[PDB]
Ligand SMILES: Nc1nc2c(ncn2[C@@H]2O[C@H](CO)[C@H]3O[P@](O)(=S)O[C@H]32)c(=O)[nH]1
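The chain below stands alone and is given as structure tokens, in the form deposited without the ligand.
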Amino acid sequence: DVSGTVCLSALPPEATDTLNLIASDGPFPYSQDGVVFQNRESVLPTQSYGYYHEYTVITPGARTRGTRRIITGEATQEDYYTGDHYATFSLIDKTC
């Protein structure tokens, strides 16, 4: 399931950074940025492998990549945020 919608302004500022980098094809901070998201628990709508790509949203103070990600879908109209490494997602509204 997708847990409603979230304004980009309501996300950490690092989420804006991630979206800017997604649009410019990098530079990405982590080697895994851009990898296909498998959606292996079917939390997001079912799509063929390659539909979804994942990108780290840097967590300040973290040692690892932390649990924040943006998952992109079709074109630039279907970006999801997860704060909990894929347990839940919300559709991002980049206009607010």
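Numbers follow the displayed sequence, beginning with 1.
Name the one of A10, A15, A75, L21 with the greatest CA B-factor according to the PDB entry.
So the option with the highest C-alpha B-factor is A10.
Among the choices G50, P29, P45, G34, identify the one whose CA B-factor in the record is greatest.
When the deposited C-alpha B-factors of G50, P29, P45, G34 are compared, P29 is largest.
Ranked by Cα temperature factor within the chain, is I58 in the lowest third, the middle third or the highest third?
Tercile = middle for this residue's CA B-factor.
Ranking the modelled residues of this chain by C-alpha B-factor as given in the entry, is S90 in the lowest, middle or highest third?
Its C-alpha B-factor belongs to the lowest third of this chain's values.
Just so it is clear, the following notes concern the form deposited with the ligand bound, a form of the same protein that is not shown.
Decide whether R63 counts as a contact residue for the ligand in the entry with it bound under a heavy atom distance cut-off of 4.5 Å.
Result no; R63 lies far from the ligand in the entry with it bound.
Verify the contact flag for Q38: yes if a non-hydrogen atom of it lies within 4.5 Å of a non-hydrogen atom of the ligand in the entry with it bound, no if not.
Output for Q38 is yes: heavy atoms within 4.5 Å of the ligand.
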